[PDB]
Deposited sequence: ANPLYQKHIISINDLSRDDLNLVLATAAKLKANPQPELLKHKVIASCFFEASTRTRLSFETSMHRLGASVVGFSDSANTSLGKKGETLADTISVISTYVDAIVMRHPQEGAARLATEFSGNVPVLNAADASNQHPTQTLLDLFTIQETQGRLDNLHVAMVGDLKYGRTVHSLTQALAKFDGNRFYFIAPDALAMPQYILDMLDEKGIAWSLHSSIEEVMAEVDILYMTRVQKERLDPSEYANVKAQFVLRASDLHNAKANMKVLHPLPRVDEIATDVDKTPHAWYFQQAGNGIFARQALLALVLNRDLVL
């Protein structure tokens, strides 16, 4: 069947791998052959209770690229009543809310209208994880047997958490965690990896791993000089926004891939909307 048809996407953990591969294949096919009229008569609510211009513009561009119309707001009465009302207007609800659990709460009152969570919180940012994995698969050719380093604040970086857990669903990956000692990756994730035969290590500098990595996911400030011995296929990724952790001289190098990654956000979210609102895989 189509396993995502009219399913809620509130958390990345609600997706089996089979689901992940399906979303990725649809993302790639829509990237190759766009379906600008697939959702021609659908209306989608873009409800950003908490403002986030980048993510809203990406989501809404995805909607328009699929031919859907958009109503919405950025920034009283209970959230449940707001959702109970809106779900009578629209065909899907894309929502970002400052409170964790708000998206699931909306699913309790949205009826048959799917909710897609665009939050950045701990629970999930499923479309961000999907666009990360999609960028990795596009640039490396696969999601198995990869070398992935994660740099920066790994205790509060929720996208490294989700991305590590999703990558652990594929075989033969090796992880390198480079962070100050005060902000190490949580043990529950390291234990998740330990229980599988997945190899991981800690490092205090990127120079230790620079020659072996296929993906460098940023959150020490990275300069172009540091990339002297990188693999030709190596890509620097970043969920964005960045401040200083990537210096601007990285931008002109071939390894800089954070903006292309953001651009792939369009095809991840197009794939999610298409799969959730379209029965038939006429993609």
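(message) Checking coverage: what stretches of the deposited chain sequence are missing C-alpha positions?
(response) Coordinates drop out over 76 to 84, 229 to 246.
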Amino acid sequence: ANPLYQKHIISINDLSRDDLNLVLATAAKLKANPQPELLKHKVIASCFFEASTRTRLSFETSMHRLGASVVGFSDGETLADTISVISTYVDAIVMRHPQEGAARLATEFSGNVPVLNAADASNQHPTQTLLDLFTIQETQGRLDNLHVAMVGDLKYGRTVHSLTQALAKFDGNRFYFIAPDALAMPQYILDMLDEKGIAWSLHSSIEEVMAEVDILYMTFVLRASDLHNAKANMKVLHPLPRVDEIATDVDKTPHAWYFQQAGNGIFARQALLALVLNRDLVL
From here on, numbers count along this sequence of modelled residues.
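(request) Read off the CA B-factors in the entry, average them over 198 to 206 and over 142 to 150, and name the higher stretch. (result) Stretch with the higher mean C-alpha B-factor: 198 to 206.
(message) Averaging CA B factors per stretch from the PDB record, which one is higher: 132 to 140 or 153 to 161?
(response) Mean B over CA atoms: larger for 153 to 161.
(request) Between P114, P126, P98, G72, let me know which has the highest C-alpha B-factor in the entry? (result) That would be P126.
(message) Highest recorded C-alpha temperature factor, please, choosing from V213, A92, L105, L183.
(response) Answer for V213, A92, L105, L183: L183, with the highest C-alpha B-factor.
(message) Going by the CA temperature factor in the PDB record, which third of the chain does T78 belong to: lowest, middle or highest?
(response) Tercile = middle for this residue's CA B-factor.
(request) Name the third of the chain's ranked CA B-factors that contains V23, choosing lowest, middle or highest. (result) For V23, the deposited C-alpha B-factor lands in the middle third.
(message) Ranking the modelled residues of this chain by C-alpha B-factor as given in the entry, is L57 in the lowest, middle or highest third?
(response) It belongs to the lowest third of the chain when residues are ordered by C-alpha B-factor.
(request) Going by the recorded CA B-factors, say which third of the chain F220 sits in, lowest, middle or highest. (result) Within its chain, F220 is a highest-third residue by C-alpha B-factor, going by the deposited values.
(message) Splitting the chain's C-alpha B-factors into thirds, which one does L273 fall into?
(response) According to the entry, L273 has a C-alpha B-factor in the chain's lowest third.
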